[PDB]
Each structure stands twice: as C-alpha cells, then as structure tokens.
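Participant: begin with these chain(s), straight out of the complex:
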Amino acid sequence: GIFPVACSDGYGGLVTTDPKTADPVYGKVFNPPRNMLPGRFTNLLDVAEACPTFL
Amino acid sequence: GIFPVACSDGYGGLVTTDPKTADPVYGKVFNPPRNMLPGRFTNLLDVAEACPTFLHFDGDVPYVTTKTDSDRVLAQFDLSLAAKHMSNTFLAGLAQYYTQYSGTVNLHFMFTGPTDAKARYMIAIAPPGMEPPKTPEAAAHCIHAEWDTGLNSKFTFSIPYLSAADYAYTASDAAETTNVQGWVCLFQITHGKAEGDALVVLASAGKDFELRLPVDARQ
Amino acid sequence: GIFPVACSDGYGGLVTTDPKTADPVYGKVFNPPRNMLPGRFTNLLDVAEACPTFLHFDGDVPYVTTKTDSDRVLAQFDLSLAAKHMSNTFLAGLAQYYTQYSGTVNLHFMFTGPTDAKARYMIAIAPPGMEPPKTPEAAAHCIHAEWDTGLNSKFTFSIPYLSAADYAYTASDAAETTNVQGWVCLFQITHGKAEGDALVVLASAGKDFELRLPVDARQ
Amino acid sequence: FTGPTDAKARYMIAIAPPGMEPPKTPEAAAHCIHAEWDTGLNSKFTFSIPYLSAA
Amino acid sequence: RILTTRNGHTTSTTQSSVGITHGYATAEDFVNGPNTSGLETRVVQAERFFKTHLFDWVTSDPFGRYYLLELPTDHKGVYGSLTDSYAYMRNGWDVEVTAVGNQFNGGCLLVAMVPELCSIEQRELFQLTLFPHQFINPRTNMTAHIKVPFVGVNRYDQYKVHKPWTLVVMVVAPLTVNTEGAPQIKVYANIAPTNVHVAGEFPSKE
Amino acid sequence: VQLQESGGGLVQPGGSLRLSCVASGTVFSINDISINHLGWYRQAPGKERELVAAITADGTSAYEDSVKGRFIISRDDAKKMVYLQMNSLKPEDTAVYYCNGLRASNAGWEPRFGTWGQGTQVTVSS
Amino acid sequence: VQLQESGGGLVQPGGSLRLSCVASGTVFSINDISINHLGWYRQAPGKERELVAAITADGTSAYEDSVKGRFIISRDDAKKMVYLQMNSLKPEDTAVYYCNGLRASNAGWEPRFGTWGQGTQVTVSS
Amino acid sequence: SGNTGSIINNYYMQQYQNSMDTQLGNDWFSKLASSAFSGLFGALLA
Amino acid sequence: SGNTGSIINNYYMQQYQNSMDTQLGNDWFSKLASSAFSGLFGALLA
Amino acid sequence: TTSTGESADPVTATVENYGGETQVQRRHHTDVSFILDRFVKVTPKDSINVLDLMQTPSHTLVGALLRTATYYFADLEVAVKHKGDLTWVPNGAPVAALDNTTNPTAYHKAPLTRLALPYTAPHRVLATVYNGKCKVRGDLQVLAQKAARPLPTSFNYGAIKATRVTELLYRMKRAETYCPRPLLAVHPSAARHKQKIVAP
C-alpha cells in the first residue's frame, strides 16, 4: 500500500499574484559582481521624501 | 479523512534538463571492477591546458616561413575563437558548444631551421577602436614581447583578457566588418641566412580561462 | 490553504517488476503452524551443488564403454551450458532462465566393470583459438589430469573458468561454427581385459559458480 | 670515432654462441647479447665479451 | 645529455636525449583478476629489444604524411612464440625512434602512441598532440622515448583478433639539406615489451 | 553569406518588373536581431554606386527623392524574402540593383556587412 | 536452422524468374544482430560452388562481375524473407542456387554459419 | 526480504497487509552443501 | 554529483536505483595540468 | 618564457610575466558528469530497437562530446512514446524473449514513459572505437570492409520492442571517460564562420 491522498476541488488554479515559485531548468549560474553601486533605493516612498517636485 | 492535497496548474511537465530521476525496474546488479584504469579525465578544460594543438595558415600548413623582402608581417588575424586560423584546434572545437568565455589564451612558437640560421621575432596585441599596425615600429607602442633563436627553441606568450564587460562571446562568424575584441600581429624583425625555414605555432588555454552557458547549434 | 503538490508526467505507470506493494482488503487472518518441516531450500544454487545429474551420450545412455581399437577418443564436446551432452542435467535446465554466468563446473566419473578389469583415463581442456587435440600425446600439453581404477571408484575434476571478459553467455545454441569457450576431451590411455565395461559421468556446479540477469524465453 | 664534427653515425656489436651460423643483418643479431651506441662528445665506447662455455 | 637504457641482457646508449615521456600512467595496475582463476604467470625471458625499419624521410614529403605500425607485429624470438603457445596475454610497451642526420638539417617530426587508431581523418592530424608524443628536431636532438601501459576493455587480450596500440610518425615540416646536411634520412625503431603475462596453454602443434 | 537576385536581363521600357532577392538563406548569427535592415543600391557606369531605398526592421521605408513616390518596397520575413516593385518606368532606371543590408549609423546608413553581391541589371532605352 | 527454397525446376531460357527463399524461420539467437548478411551461391557440376551475390544488413549489394548489372537482389525483413530476381537470361544460369548467410571477414565473405541447404536448380539450354 | 526496495515504512499495519504466522512448541540443502569434502584423499607428493 | 539538485532523500534504496560498484585489491590529466612550469627561465633584469 | 620544445612537457605562461594580474576561475560547466546529463533525440525504428550509445548523431552536443573519449561507463535512462506495451530485455538475451510479458513491461499511460536501466554488459568498460578488423572486386571489397569495420556486438544496454515507437531519448548518469581523442569544429570558408545571434 502507498500513502493515500485526496485531490480537492476548487484548489490549484493559476493566480497572477500568488506567493509560490516555479521549477528550475538551468543550474549553476554565477553572476558578475555588482556590490556597492552608487545610487540605490529600496522603498519608492523615500525618493518622494528626499526630492520634491514643482506644482 | 485522508490528507488533502491540491494539484497545481502549470507544474509537472517534462523538461529535458530538469534535476530529477526516474523509477527503478531491475534491481541488485553488480558491476565488474574498473578501479584505477590508466588515463582518466574529469574536466574537459584540463586536456585543453595539458595538450596544445596546431594553428592553420594559408596553404594548409601549421607554420610560417621567413620572407626575404621589405614586407615584415608574417601573420595577422582577429582575436576570436571563431577565427579561421583557429578552426582546427581543440579550443575552438570545444568552445563551439558554449556561448561565453573569459580569460587567457596561450601561444607557443618553435623554431626549426639549421644550426647556422638565426632570426628574431616580435608579437603584439592591438585593442579595438583603431586599425591594426602594419610595421614593427608602429606596433612597438602596444603590449608586445620580442625573442630570438638560441639553445631553447620555444617561446610562450599570453594574450591578455581586456574588455569592458566581464564576459565575451564565442559566436558570430563575422565574414563582415566591426571587429570587437581586437587583433594580434606576428612580425619578423630581422634574420641571418634563414631563407625558407619554418616556425610552427600552437595554441592552448591559460591559467584562468573559463567557459559558461552550454548550447547546441548542431556543429 | 492546503499543501500544494505537482503531478508529474512520465511517472506512475504499471511495471511488472517494480518494488512496491498493493492495498489490503481482508484483515486479521492467522495461518496454521508450519515451522520446521523437513526438506527446505532457499537458494536454487544449493541443490545444484548438493545433487549432480547424469550426462547424455550417443545412444540415449549416460555412460561410455571402453573401445578395443586404435582410436582412443571416448567423448569430446564444446564447453557450454547449451551443449547437447548437457541437455538433461539440472544445471542447463536452470541456466536457461539467465543470460550470463561465471565460475567452475565439476564432473564426476565412476567405474563399473568387474573386479578383474582395469583401465586408465585422462581428461584435458583446450582453450579457444586452435582446433582441439585428437590424440593423448597431443593433449598432454594442455591442462589435464589422469587417474585409474582401484578401490576408490570415483574421480572429480574442475573445468577452470578462463576467459578475457568477466562473465560469459549461457545462450546461443550454435548448430554452426565459431566456438567461443573451448572444448573438453576425454581419452582412454590403456586398459586390461575391460571390453564392454561402462564409465558413468555426472555434472554439478562448483564452489564459485554464479548466475545473473534473469530472463524469460519460454523454454 | 675520428671523422669531423658534422659527421654522425650509429653502431652495434653482438656475440653469437656456437652451434648456429652467425647473423648477417642487424635485425637478426638483435636477438643475441648486444650493445648499441652513437657518436657525440665522448668519442669512445667499451664492451666486454662474456666468457660463456661448458668447460 | 647522456642516457642509458637496459632491458634484459641488451643495452642502448644515446648522447642527445631530452628525457622519457610516461604516457597515461607511471605504474601497472592489478594483474590478478577474477577472470583467469589464478592461472597466469610471468615470463621474464621475453622482455628485450628488437629492431625494424620505418621509412625514408626525403625532402619532397609535404606536411601530413604519416606511417602506421601496429603493435605487436610479426616477431621471431621467444615473444613471437608466446603468441603460439598461449591464448591470453597482456603487456606494456617501450618505444624508441631514431633519425640520424647531421646538425645542419631542417625540419621536424612527431612520433606518438595512439590507442586503437583506425584511419584518422585529414583535419584530425592537426590535433595529434593529445596522445603521448615527442618531437625530433635535427637542430637539437635525434631520439624519442615513450612508455605506455596496457589499456583495453578487457584485462587479458587475444592478440590474433585485436591490436590495442599503434605507433604513428608524422611530418610537420619538410626536410632541407642546405648543401651542408645529409641528402636524406632513414628512420628506425627499437621496441621492448614490459610486464608480460600469459595464461591458457594450447595443445601441441599437430 | 552572399545574396543572389533574379528577374533582370534585357527588358523594354514601359513594362512591369518585380525584382526578386534570392538570398543565400541568411545564416545570420546570434539572437541579437531586430537590426534586420535590408536595402537596395543602384550602380552607374564608372560613377559611384548610389543608394535607392532602405527598409527598417518593421515598417519604415525611405527612398532617394529622385525616385520617391514611384517605387514600392516590402519584405516577407515569414519566408525570409524581400522584393522590389518597379512601376512608372523612366529612362533613369538603367542601373544594376544590389539586394543587401544596411548599418543604420547616426549620420546615415552604411553598407555591408557582407562580402559583396552579384547583381541584376535593368537597362531600358527607347 | 535449415533454409528451404522454391520456384525452380525445369524452365526454358528467356522467361522471367523470381527465386524465393522459404526460410525455416530464422530462430537465430541473441539481440546481437545487425550482422544479418544473407547471400546466394551457385554450384557447377563437379566444379566448386561459387558465390553470386551478397546483401549487407541494410543496403549494400555486390555481385560477381560475370553477372554484374544483370540481377537484382533485395530483402524484406518486416516479414523476414529474401528473394532473387532473374532477368536478362543467358546460357550461364545453369546452376543450383543456395539461399544462405555470410560471414563478412576482412578478406572476403565466408560461408555458413549453418548446417547446409537443399537448393533449387535452374538449368536452361536451347 | 523479497523483491521490495522502498525505504519509508508501510502505511498499513502488518496485521492487514499480510497474514500472521503462528508457532508450535529447503534449508537442509544449505547445511548439506556446506559439508562437502574438498581436500585430496591420498598421500600428496610434488 | 551530476546534474541533480533535490534536497530530500531518494525514495528507493540505493540498491535498486543504480548498479553497485565493486573493488579489486582521465584523472591523470588533472595531475598533469598541475605540474606545468610557470616561472621565467633565464636571469631576470628590470 | 623559453624552454625546450621536443621535451613534450607542459608549460604555461601567466600574465605576470609583463606586469599583469591573475584572476579567479570557476569551471563547473565543463565537468564530464554535469555536461553529459541531458536528453538527446534518436531516430527510432518501428518494432525493435537496440539501445546502443553510438546511435546519437555525431553533430549533437552529447554525441560529439561522448565521441572524444575512447572508453566510458554510464547507467541509462530512456523516455519512450509508444502504443501498446513496452518490454525491455537485458544484454545478450534471445530475441524470442521480446514477446514474453514477465520481462519488465510498462503498460501504456499517456503521454510518455520514463525508465531507469542499469549497466548490464559483461566487460568492465565500453569503447567508442575498436581496432579489431586489423586495418574485379571493386565494389565487393568496398562493401565488405565497410561492414567489416563496425564495433563488437556486446556493446549495448539491451533492447526494447513495442507495437510502434514514435520517440526515443537517451540520458547518461554517473558518466566517466578515459583517454581523450580529437574534437573538431566547422571549418569556415571565409575569414570567420558566424552564427546569426539573437538580433532583429
């Protein structure tokens, strides 16, 4: 006997904003170094506080 | 009740390079012993460093004879693994299955003529952006080396890897304009009574040569 | 949310020799006691070593009578589990369900005639690559043994396993040319007043006989 | 060896024990006791004929 | 640069030598296996030199001319009788190639030991430096030396149906005489089996 | 690597021509594409060969204002062919046409980007 | 293990014959195949039986230059039969034909590889 | 120890998958084949 | 260590998935490429 | 860097000879085990196929990179698209066994069926090239030698049979390779042979 499972109805469709990942195809790739490049921003609400614009 | 699961859409197809295995059919098979057989290799870039191969010059010969005239250029070609002068080496044959590379390429020169023939040569590299030099005087302003014949009949020179990007392409058989990676030029400075004598030349990988991104173009 | 899973393509079919089980239907059944019944066997290659069986010679008889003439060959046959002389033993019957083998094969000889008949025999093996010997003088240069009748009426000789590969085939009923594993030859050196007396011969497995890769050819 | 500096050569010496006619070609004499040398900076060679017999 | 080799009761001395090339291994692997049942044996009377003629190097041969020599060849000594007395053998090789012309010649040769060579292509000649090899340049040296072990898909072999090695000599630059060199050059070889083993005696001749 | 053409020869002025570009196949290399910019050149006897038209990657078309409005050009990439339509025939058409590609520099289109072509000539004189 | 043939007997010269190989079935053993190389042999009265043709595993066919160009051979493995076509009938055809297999050695093809055949004879004399 | 090669425990209890043996209170051939005489019988020279 | 990247143990025993190697009692190129001579040969000035 | 040419010893010259700098290397993509682990298409036959690794075309990635080794070893995986039921048979077995069901048979399940087979040959290692053949009658000798220089017959992984076979792909696992051989690229006719890279 093998572990019995129950496929469910209404689950598993595609949603364009779900929190889950895909399956890898191409492995062992290394990137060129990009650390400490000038002028980074992480939150789009910090350039809105550091830089005003005209009316 | 049993453990409920949710089959997902877009997952589970067949991909020809995925990292997963199949199901066994036939079990308990033992192999004949094959340990320590002579002549193993694990990385295909170690036989490219331990064993160089010949170049190809006009006439279907892997060498260049000394000229007795006012023109002093022996051979000049673009720097690319797809060049015509490199079409018979092990380096180009292997590189045709990858898309990008980086690092050093070595060249070996060996002199053949008799004991009473002497010569003197020079090799330079011209980076891209300006037409390459035709005369040794003009090429004296690039990166160059210069040697001559003696008791040790071999020389070795490393073409530096110099570019803007971190990697460079191995593809694009040009048959066109727009060189990208530069030229290399072999010159003959002077010679004494060495008419008709040959200088064979080989090619091999360097200390930090690297090759990435495999592909299949059916060559 | 429930645990998401990804059904895979190419997996899960039925295979008639897979290592997995089925689902139970009927439960709580107890068996009558059967412990320590006489005459058990676990490996089918132990009754092949504990119990030899008869050979088959021309005339539907498992023996060979002494000849009174100038020809001294008693029996000669190829070394193969598919040979005709081995078609009735337990070894060939079992080996017809496998593809490869390796190891030793034993042969047993027993003398029958009266107390006042004496004889002397010899057995050799000829490896492949040269036609087998016809005379005892010529066969004296192979691997051979030689015995004679007495109070102990039985002899045992082990055909060595000698080849290039590590395993050898049990298949290929030849009815053709191209022997692969060699011949074995039984000779009669001399004899005293033993006309018409028989020598029966049996066959069995050896210490290190082995059999691998089961198959089903419907024999 | 005596000749000039631009002449080179290569020699071989063998011994044939009694009981069979001696060899005529170097290929055939390669199966006896032999030595083989050539010219260079040291222009001399020395070889010892072994003493081999029944008595 | 003197070097002296010795195999059995034979020797050989050269004065212009650039070393020995050990190709594909420096030692021999397991000789006793489960396929011979422990019946093998060694023959030390079979390890010594023998000579042969290869070809004549004329000034009119272009690049790419080759000469093939299959090992083991027709021999008459004790080794040539081993192949008539037994059914399975194995042994490594030791080769030496010599081309004698004065130091006023030009050109280059390339000797190499190739496992299982069968009609190499024309373009594949540019890559013959993957196998154990050595050059012969009259300006510098006159001799080549190589050493190879036993390779094969089997631990013992039948030399009447399979020849696992091949000695090939190619021309990379033609010969030049320059009115001071020898008009032509003859190439000879010198070969000795190492680590022989045998099993499976045969019946007599007839 | 070298483009062939067909549909030329000796022709009388006033007909209707469709020059055809029998390409060698355009073995052209790596996925860096969308620089596919072909064109047509004419050549005069002893006078430098001049451009006629040029086609951009998708839809733009320019012509020499000598022939502007008279010719029609279009490419068919699904089968990888390009053609040249010839209507409103004038005496000015006597030139050898080369089906080739363009460079698209800042100042103007530059030539091949190739080895050379063969060409087809359409000389009309009444 | 022993191949039968049919289609022979007494026949007049100038007809059209297709000799047929009624094989016993070719029980032939292990998956080591693609050495399937059959052939045909002729036999003369008191003179050693000579080859005629031989078929390789897939497509190659050779004949004795006495009959070269005149005969056509082909095998049908899907049903496992092989045949012999006989056109351009000469007086030279008087021989007994054996449908058998070949050995393909280094020097030349060697014979069976079998027990023996029966044969069919085609003697034509006008 | 038949032809089974999974490494994860069975899902069902052993009571439902198979039948249970009881006790009361081949395999003779493996003892018999081990008792075979190997050495030589007579006096050995050479 | 081929092209395989799962982190959960295999389901089947190692005896059924692959064939088992035995012992008796390339890879020469990685020793050979490491023994290459790098430095300069003659006397160095400047 | 000067040295003796004939000696055949390896020698490498770095960029520190004229003042340069030597950088870091990552060579994961050229390992034999890695690069040879991927599927490769093969032209199949209708009923019976003999699984032999020399049927991959010599121009594909796996085909040529395999053919630059003289001896090799690997397990095998196949992916078959068929109709009916599929039966596998080990090395060196009679051809009648292709009809019996007790041999490993995979019942049809769409779209395809992926299996894993062991290494079942009697030799310790396989070979890509073999020197056994020891090498008017014009065409006779041509087609005699042409068929007298193949490999031996025990260099295979078994056989498969089905009512019809439509696709068949090979994948090698645990690859090991010995004694390298030549590997050549397409010879340009002009000054360079250029692929048309991805570009509009």
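Facilitator: Received it, and whenever you're ready, just let me know what you need. Numbers count the residues shown, from 1 in each chain, chains lettered A, B, ... in the order given.

Participant: going forward, measure contacts and count neighbours with C-alpha atoms only.
Facilitator: OK.

Participant: doesn't residue J:62 belong to a helix?
Facilitator: Yes. When classified by DSSP: H, G, I helix; E, B strand; the rest coil, residue J:62 is found to be part of a helix.

Participant: give the next helix or strand downstream of the longest strand seen in chain E.
Facilitator: Of all the segments of type strand in chain E, defined by DSSP state E, the longest one is strand E:86-99. Helices and strands here follow DSSP states H and E; after strand E:86-99, the next one along the chain is strand E:106-113.

Participant: which strands or helices does that following strand pack on?
Facilitator: For strand E:106-113, the elements it packs on are strand E:133-136, strand E:143-148, strand E:165-176, judged by 3 or more CA pairs under 8 Å, 6 or more residues apart in numbering or on different chains; DSSP states H and E.

Participant: try it again at 10 Å.
Facilitator: strand B:105-111, strand B:198-205, strand E:66-71, strand E:86-99, strand E:133-136, strand E:143-148, strand E:165-176 (3 or more CA pairs under 10 Å, 6 or more residues apart in numbering or on different chains; DSSP states H and E).

Participant: and chain J, is the shortest one touching that?
Facilitator: Yes. Using CA under 10 Å from any CA of the partner chain, strand E:133-136 reaches chain J at E:133, E:134, E:135, E:136.

Participant: tell me the helices and strands packed up against that strand.
Facilitator: strand E:21-22, strand E:86-99, strand E:106-113, strand E:143-148, strand E:165-176.

Participant: dump the ones you listed to TSV, plus distance to residue E:185 and mean neighbour count.
Facilitator: Converted to TSV, the helices and strands packed on strand E:133-136 look like this (distance: least, CA to CA, whole Å; neighbours: other CA atoms under 10 Å in any protein chain shown):
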stretch	distance to residue E:185	mean neighbour count
strand E:21-22	24	17
strand E:86-99	6	20
strand E:106-113	11	23
strand E:143-148	13	23
strand E:165-176	9	22
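
Participant: quick one, which of the ones you listed is nearest to residue G:17?
Facilitator: Each of those was scored for nearness to residue G:17 using CA to CA, and the closest is strand E:86-99 (50.1 Å).

Participant: nearest to chain J: which residue in chain H?
Facilitator: Each residue of chain H has a distance to chain J, by CA to the nearest CA, and the smallest belongs to residue H:3, at 13.5 Å.

Participant: chain K goes on too:
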Amino acid sequence: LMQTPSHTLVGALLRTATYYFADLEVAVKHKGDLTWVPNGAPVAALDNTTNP
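Facilitator: Same chains as before, plus chain K:
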C-alpha cells in the same frame, strides 16, 4: 523586459529606474514543444531539442 507596455503597473514602475537586476519567470500557452535558449546564442539552436 522593455516589451511590457509603459502604462501598466509593472511597466512604468520599472521605467522609473535607470539600472536594474532581476531573475525571470515566464508563463506560456502554446502548441507543440517550447525551447529556451540562453543569451547570445545562434538562432539555429532554436530547432535543437537538447536545449531545455
């Protein structure tokens, strides 16, 4: 990544940066079989099956 329309949410928010870096995921609805090819490879390789 410059083929997303400039008016969508991702398109414009991406276009307010001069330099960027990211991995990629695609979701394709097709007929037949789908072959991917890395950066800078010949256009003939789109026909070979050994590529993913």
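
Participant: check what packs on strand E:106-113 one more time with chain K there.
Facilitator: Under the contact criterion of 3+ CA pairs under 10 Å, 6+ apart, strand E:106-113 touches strand B:105-111, strand B:198-205, strand E:66-71, strand E:86-99, strand E:133-136, strand E:143-148, strand E:165-176.

Participant: what's the nearest residue to the residue of chain J found nearest chain B if we skip its chain neighbours?
Facilitator: When you check chain J against chain B by CA to the nearest CA, the closest residue turns out to be residue J:194, at 2.1 Å. Nearest residue to residue J:194 in three dimensions, chain neighbours excluded: residue B:173, at 2.1 Å (CA to CA, 6 or more residues apart in numbering or on different chains).

Participant: and for the one you found, the neighbour number?
Facilitator: One way to gauge burial is a neighbour count; for residue B:173, by other CA atoms under 10 Å in any protein chain shown, it gives 24.

Participant: which residues touch it?
Facilitator: B:80-84, F:27-30, J:188, J:190-197 (CA atoms under 10 Å, 6 or more residues apart in numbering or on different chains).

Participant: list buried residues within these.
Facilitator: Restricting these to buried positions leaves B:80-84, F:27-30, J:188, J:191-197, with burial counted as 16 or more other CA atoms under 10 Å in any protein chain shown.

Participant: so how far is stretch J:16-24 from its chain's centroid?
Facilitator: 39 Å (CA atoms, centre = their mean, to the nearest Å).

Participant: please apply the same query to stretch E:40-47.
Facilitator: Computed by CA atoms, centre = their mean, the separation of stretch E:40-47 from the middle of its chain amounts to 19 Å.

Participant: repeat for stretch F:82-100
Facilitator: 8 Å.

Participant: try stretch H:2-10
Facilitator: Using CA atoms, centre = their mean, we find the averaged C-alpha position of stretch H:2-10 to lie 19 Å away from the chain's own average C-alpha position.

Participant: please see if it touches chain B.
Facilitator: Yes. Among the residues of stretch H:2-10, H:3, H:4, H:5 lie within reach of chain B under CA under 10 Å from any CA.

Participant: pretty sure the second one belongs to a strand, no?
Facilitator: No. With the criterion set as three-state DSSP, the secondary structure at residue H:4 is coil rather than a strand.

Participant: what residue is smack in the middle of chain F?
Facilitator: In chain F, the C-alpha nearest the mean C-alpha coordinate belongs to residue F:40, at 2.1 Å (CA atoms, centre = their mean).
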